[PDB]
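Line by line, the protein sequences give chains B and A. The first sequence begins at 20 in the entry's author numbering and counts up one residue at a time. With the entry's author numbering applied, the second sequence corresponds to residues 20 to 143, 155 to 263, in that order. Every residue, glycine too, gets a C-beta built ideally from N, C-alpha and C.
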Amino acid sequence: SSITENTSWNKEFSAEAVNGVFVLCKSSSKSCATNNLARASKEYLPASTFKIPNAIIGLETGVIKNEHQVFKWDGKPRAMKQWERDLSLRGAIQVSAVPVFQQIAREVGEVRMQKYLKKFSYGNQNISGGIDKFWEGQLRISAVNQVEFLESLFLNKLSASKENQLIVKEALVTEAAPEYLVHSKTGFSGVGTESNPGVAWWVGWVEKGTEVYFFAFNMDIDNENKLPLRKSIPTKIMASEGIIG
Amino acid sequence: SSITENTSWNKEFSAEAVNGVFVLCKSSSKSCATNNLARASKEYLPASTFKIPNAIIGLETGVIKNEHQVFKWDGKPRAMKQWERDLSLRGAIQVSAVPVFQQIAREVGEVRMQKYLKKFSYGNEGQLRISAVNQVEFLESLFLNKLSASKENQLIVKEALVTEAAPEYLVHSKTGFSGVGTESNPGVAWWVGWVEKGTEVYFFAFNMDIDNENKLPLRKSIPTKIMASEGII
Numbered sequence: 020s021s022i023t024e025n026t027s028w029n030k031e032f033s034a035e036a037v038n039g040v041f042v043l044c045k046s047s048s049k050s051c052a053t054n055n056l057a058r059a060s061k062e063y064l065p066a067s068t069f070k071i072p073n074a075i076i077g078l079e080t081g082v083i084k085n086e087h088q089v090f091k092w093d094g095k096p097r098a099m100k101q102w103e104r105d106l107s108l109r110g111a112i113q114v115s116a117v118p119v120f121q122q123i124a125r126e127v128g129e130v131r132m133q134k135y136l137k138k139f140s141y142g143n144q145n146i147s148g149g150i151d152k153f154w155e156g157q158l159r160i161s162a163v164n165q166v167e168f169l170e171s172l173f174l175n176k177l178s179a180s181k182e183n184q185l186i187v188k189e190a191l192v193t194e195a196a197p198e199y200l201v202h203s204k205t206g207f208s209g210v211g212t213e214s215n216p217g218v219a220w221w222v223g224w225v226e227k228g229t230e231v232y233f234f235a236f237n238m239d240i241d242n243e244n245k246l247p248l249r250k251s252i253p254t255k256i257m258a259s260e261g262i263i264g
Numbered sequence: 020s021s022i023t024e025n026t027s028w029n030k031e032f033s034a035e036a037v038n039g040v041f042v043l044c045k046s047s048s049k050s051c052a053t054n055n056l057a058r059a060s061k062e063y064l065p066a067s068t069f070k071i072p073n074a075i076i077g078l079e080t081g082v083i084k085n086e087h088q089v090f091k092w093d094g095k096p097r098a099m100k101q102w103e104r105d106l107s108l109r110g111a112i113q114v115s116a117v118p119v120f121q122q123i124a125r126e127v128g129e130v131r132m133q134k135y136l137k138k139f140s141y142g143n155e156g157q158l159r160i161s162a163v164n165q166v167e168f169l170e171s172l173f174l175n176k177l178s179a180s181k182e183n184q185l186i187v188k189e190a191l192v193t194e195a196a197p198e199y200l201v202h203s204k205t206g207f208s209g210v211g212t213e214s215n216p217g218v219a220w221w222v223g224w225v226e227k228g229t230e231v232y233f234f235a236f237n238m239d240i241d242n243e244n245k246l247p248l249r250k251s252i253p254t255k256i257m258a259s260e261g262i263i
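Take a look at the structure:
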């Protein structure tokens, strides 16, 4: 990767008293820009952004049959009212259904999980604390790594079938307009404390005309009411560059 | 297919003085509803809805290299401004870029094209016509990866067809319009696609007579109203 630091973006962060980073690449990871070079490379807990490789590995291992797979509710209550019904792949990904993905992780199993994440170069690679709970635990990944990983997915270069990479790419679509398709994923580890804060993510890419823009955002967060900033800050920056608004 | 006529949507056509058909299927072509049974089976010129089989065949035969294919503008004047630029597959589909799909069809060749259309059961060139029902059937096959094409290629075209994303659903769709015609010979306007709504799928094909250009917006608005009223979108 090749990355240029521009301090100007810092305004949008200052305005909101947000401690964070944004990494935006046009065409490829040979062309990225960021507000904070050091935070760009620092690794954080992926939280639900981990649903992306989990889904790929799920599909690739046969744990997830195909894009039409339904994730049946077993009747037994789920801890969130949004998960208490049947879900598609895209749906499970949009609502971040924790029991759905833990179950995928349990059936993938820890040896296969580790192997795929190694092939993927996905973060620091640590899955300790239990197999259903490592995106909350030891595994850590930077903003730059996230864009690298998403770029590989975009180009079908992950060690996975082209089909399964396509399936995952479509389930991640969150906005469509005549000129562009936005593929994205949120993450939030929890509030943590004021002294030690939780992390919030928005990662994805934008297919605009013949161009592509990869992006990854994170921020320290100690209050849930700051959560929408994880989308508004990157959106303002991309608007200002004339990408999307 | 299994298709049931209903009078509930008839008012929606009559309020706008519109002659046309909507066909709407839940889960599969085994549950289609329509305001007009006879028109549902009537074959019309597909116009740019044909860009759907075309894109699949383009990819199958390698004329379209993959989903990253850029369709580069050659600098020559074209029939619309918005076509005078390099276009993605999605781009060329969304603006119904005639010269782009003409080049694809040319490079594919007449006989090859025809062979794939038969394999797809796509209607029955300017001679090829297809019905609303045949549209839903063909789209269902596409949705289920059941066409005679790689799953990859079918996936690629399904994503290029995405026109609306919301957290509960994804709409994939395509317009077509052959242009205004004599009252004797009126033009036909099309909107076809499907909606993936949670775990469910809805297939749809709309078409309508059109002797005035100002009526065009109804082509999307009537089926949108019908599907919105049913809670789909």
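Taking one beta carbon from each stretch, the region 183-198 of chain B and the region 44-63 of chain B have fewer than 3 pairs nearer than 8 Å; the two do not touch. Less than 8 Å separates the beta-carbon of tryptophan 92 of chain B from that of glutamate 103 of chain B.
Distance from the CA of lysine 138 of chain A to the CA of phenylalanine 234 of chain A, rounded to the nearest whole angstrom, comes to 22 Å. Counting C-beta pairs with one atom in each stretch, the region 177-186 of chain B and the region 41-58 of chain B have fewer than three that are closer than 8 Å, which means they do not touch. In this structure, the CA atom of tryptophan 28 of chain B is about 20 Å from the CA atom of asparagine 164 of chain B. Bridge partners of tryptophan 224 of chain B according to DSSP: B/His202 and B/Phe233.
Under a criterion of Cβ atoms nearer than 8 Å, the residues of chain A adjacent to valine 192 of chain B are, in order, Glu189, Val192, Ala195 and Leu200. Any Cβ of chain B closer than 8 Å to the Cβ of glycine 110 of chain A would place that residue at the interface, and such an atom is present. At a Cβ-Cβ threshold of 8 Å, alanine 162 of chain A and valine 40 of chain A count as neighbours. With three or more CB-CB distances shorter than 8 Å, the region 123-141 of chain A counts as touching the region 167-179 of chain A.
Under the 8 Å criterion on CB atoms, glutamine 121 of chain A is classed as non-interfacial with respect to chain B. By the Cβ test, the region 139-146 of chain B is not in contact with the region 115-123 of chain B, since fewer than three Cβ pairs between them sit closer than 8 Å. The continuous stretches of beta strand (DSSP E) do not include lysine 100 of chain B, and DSSP gives it neither H nor E. For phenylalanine 41 of chain B, the secondary structure class from DSSP, reduced to helix, strand or coil, is strand. In summary, the residues of the region 73-94 of chain B whose CB is separated from some CB of chain A by less than 7 Å are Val89, in the order they occur in the chain. Excluding residues up to 5 positions away in sequence, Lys45 and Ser46 lie with their Cβ nearer than 8 Å to the Cβ of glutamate 230 of chain A in the same chain. Residues of the same chain with a CB within less than 7 Å of the CB of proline 253 of chain A, apart from the 5 flanking positions on each side, are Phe41, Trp221, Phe234 and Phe236 in chain order. Look at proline 65 of chain A here: in three-state DSSP terms it is coil, with no helix or strand label. At least one beta carbon of chain A lies nearer than 8 Å to the beta carbon of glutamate 182 of chain B.
In this structure, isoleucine 263 of chain B places its C-beta atom within 8 Å of the C-beta atom of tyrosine 199 of chain B. Within the region 110-154 of chain B, the alpha helix (DSSP H) runs of at least 4 residues that lie entirely inside it are, in chain order, 117-127 and 129-139.
Leaving aside the five residues that flank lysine 49 of chain B on each side, the residues in its chain whose CB is nearer than 8 Å to its CB run, in chain order, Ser20 and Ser21. Closest by C-alpha distance to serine 251 of chain A, out of A/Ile160, A/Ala219, A/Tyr232 and A/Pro96, is A/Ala219.
With 16 or more other CB atoms across the displayed protein chains lying within 10 angstroms of its CB, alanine 74 of chain B is buried. The C-alpha of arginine 159 of chain A lies about 40 Å from the C-alpha of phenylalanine 90 of chain B.
Assigned with DSSP and collapsed to three states, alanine 52 of chain A falls in strand. With respect to chain B, the C-beta atom of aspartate 241 of chain A has no partner C-beta closer than 8 Å. When CB distances to chain A are screened at a threshold of 8 Å, the residues of the region 207-227 of chain B falling below it are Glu226, in chain order. Taken through DSSP and simplified to helix, strand or coil, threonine 254 of chain B comes out as helix. Listed along chain A are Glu226, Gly228 and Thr229, each with a C-beta nearer than 8 Å to that of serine 107 of chain B. Taking 8 Å as the cut-off, the Cβ atoms of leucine 169 of chain A and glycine 223 of chain A count as close.
In the DSSP assignment, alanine 195 of chain B falls within the unbroken beta strand (DSSP E) covering 192-195. Chain-order list of chain B residues neighbouring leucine 56 of chain A: empty, with the shortest C-beta distance near 30 Å, by a criterion of under 8 Å. Taken atom to atom, the span from the alpha-carbon of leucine 43 of chain A to that of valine 166 of chain A is near 8 Å. In the three-state DSSP reduction, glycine 77 of chain B falls in the helix class (H, G or I).
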